[PDB]
């Protein structure tokens, strides 16, 4: 399918990383689609960080306000981007360690399957096997 997404950016040369991990969780809590950090270099020998937020266009006011309230930035910049998304569906698969949800993504003539992280990570911690072991066991089980 197709949709649109707002991208909000901010350059922070006077902001600590501690506060940035806080703002990333606030934004995700607020419903941002995605949030990420880009290492950038700014004037006067400043190692800096660019904060990027992807979100719903109707959420523009909320995520702007969070950024302006929680970080040191005086302004933000935003742009709308177009999107092309694959259609999702999930299969639950039985492994020696429990059920594992596999996300099957399709688009036109593409079909691919991603074992979900939280499932694999929870079971590996429960039976103390490596995360790759649960992952591989999920692939093996989705063979049928």
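Numbering follows the first chain given and starts at 1.
Selected stretch [higher average CA B-factor]: 36 to 44 or 83 to 91: Higher mean C-alpha B-factor in the PDB entry: 83 to 91.
So 110 to 118 or 51 to 59, which one's hotter by mean CA B-factor in the entry? Comparing 110 to 118 with 51 to 59, the higher mean C-alpha B-factor belongs to 110 to 118.
Options 66, 76, 102, 105 - largest CA temperature factor per the record: Top of the list by C-alpha B-factor: 102.
What third of the chain does residue 129 rank in for C-alpha temperature factor, lowest, middle or highest? It belongs to the highest third of the chain when residues are ordered by C-alpha B-factor.
Report the third (lowest, middle or highest) to which the CA temperature factor of residue 2 belongs, ranking only the modelled residues of the same chain. Its C-alpha B-factor, which the entry lists for residue 2, ranks in the highest third among residues of this chain.
Is the Cα B-factor recorded for residue 137 in the lowest, middle or highest third of its chain? For residue 137, whose C-alpha B-factor we compare with every modelled residue in the chain, the answer is the middle third.
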